[PDB]
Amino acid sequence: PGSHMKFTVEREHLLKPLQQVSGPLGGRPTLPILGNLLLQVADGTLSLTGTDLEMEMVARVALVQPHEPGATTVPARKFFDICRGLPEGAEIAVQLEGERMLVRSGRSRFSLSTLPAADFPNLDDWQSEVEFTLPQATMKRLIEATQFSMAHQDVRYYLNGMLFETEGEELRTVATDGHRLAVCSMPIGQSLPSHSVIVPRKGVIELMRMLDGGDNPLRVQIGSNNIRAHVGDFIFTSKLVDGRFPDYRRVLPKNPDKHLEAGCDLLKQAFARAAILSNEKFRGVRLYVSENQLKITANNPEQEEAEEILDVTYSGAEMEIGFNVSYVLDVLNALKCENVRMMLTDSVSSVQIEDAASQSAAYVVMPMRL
């Protein structure tokens, strides 16, 4: 409630908020106002919001100095670049003048176009069904452990995102694209109701962006169709994805009978070298498992060939199996541990990969018929 919005703020109080709330913006222009940030002044607070219609990011900035309430929207990139370009310590005075938003500091003056705050989209009202609070580092671990396995544009649209699931005292993430799957769970120190929602892939990426890893805790609220995350002075809200996500419990290989264990770095570097001579599009490599040995081979349409032999721990029947080497490298890069375990069955069945020393995360990769 106010027609003459005005505030004055220190530059260093604005810069990180402006960067954060601009996260959802970018890409194809559609509705003009989506390239703008909503500014609202009231009762000691400046709020800044950016949206792409599917998600929204809000920052709150405490206002010390005399301010007058109101709201407008201004071009996000230009406003950020102006503030960032002012000198360290600058005081930034902002005020609406007619249909222009003025930004003043020193003898620098910028008159920006605006679009009406009344036109700025809102996410529909909704009610929270579960709420819990956890360290940022825990949420970062959960997402980093799994996010590479989300689909991008699968027709199975429930795959273009990440399952967040509460069970007992644990929060779990699951991501799969039909060809590989990642699951990770972490205790969060409170008894939770059971709930399973799919966060869109772009919202996963934005939630990750808001975690600086510091000690401001993450508060999560989940509704039937939305998720909200509060960290520090920021509030992120996203729509959820419809559909029945796959049950990871039924995707984990049943009773794999062949157990190989190898050094993570040695395995990763061998796959990385072999990948060089794999087909650029299909990426297939062949694994041959024999007593205490793994052989990896790759070839390409030019008939070039890579071969790597590694000493490993394996007792069991010999077998051969093909994989997309990118999927294997993605898992090994996410494990970052000393020894890996691969659990195999046969050449046409998935394999489970995990840290030999931890069960918090598990990975499943479906083979290729080479």
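We number the residues from 1 along the sequence you see.
Enquirer: Please compare 114-122 with 178-186 and say which has the higher mean C-alpha temperature factor in the record.
Expert: Between 114-122 and 178-186, it is 114-122.
Enquirer: In the PDB record, does 232-240 or 272-280 carry the higher mean Cα temperature factor?
Expert: Higher of the two, by average CA B-factor, is 232-240.
Enquirer: By the CA temperature factor listed in this entry, which of these ranks top: 342, 64, 331, 34?
Expert: Out of 342, 64, 331, 34, the record gives the largest C-alpha B-factor to 64.
Enquirer: If I read the C-alpha B-factors straight from the PDB entry, which of 160, 136, 128, 299 is highest?
Expert: The C-alpha B-factor peaks, among 160, 136, 128, 299, at 128.
Enquirer: Determine, from the deposited record, the chain-internal third of the Cα B-factor for residue 146: lowest, middle or highest.
Expert: CA B-factor rank for residue 146: lowest third.
Enquirer: Ranking the modelled residues of this chain by C-alpha B-factor as given in the entry, is residue 366 in the lowest, middle or highest third?
Expert: Lowest third - that is where residue 366 ends up once the chain's C-alpha B-factors are sorted.
Enquirer: Using only modelled residues of the chain, where does the Cα B factor of residue 192 rank: lowest third, middle third or highest third?
Expert: Its C-alpha B-factor belongs to the highest third of this chain's values.
Enquirer: Can you work out whether the C-alpha temperature factor of residue 14 puts it in the lowest, middle or highest third of the chain?
Expert: Highest third - that is where residue 14 ends up once the chain's C-alpha B-factors are sorted.
Enquirer: Hey, what third does residue 315 fall into on Cα B-factor, ranked over its chain?
Expert: Within its chain, residue 315 is a highest-third residue by C-alpha B-factor, going by the deposited values.
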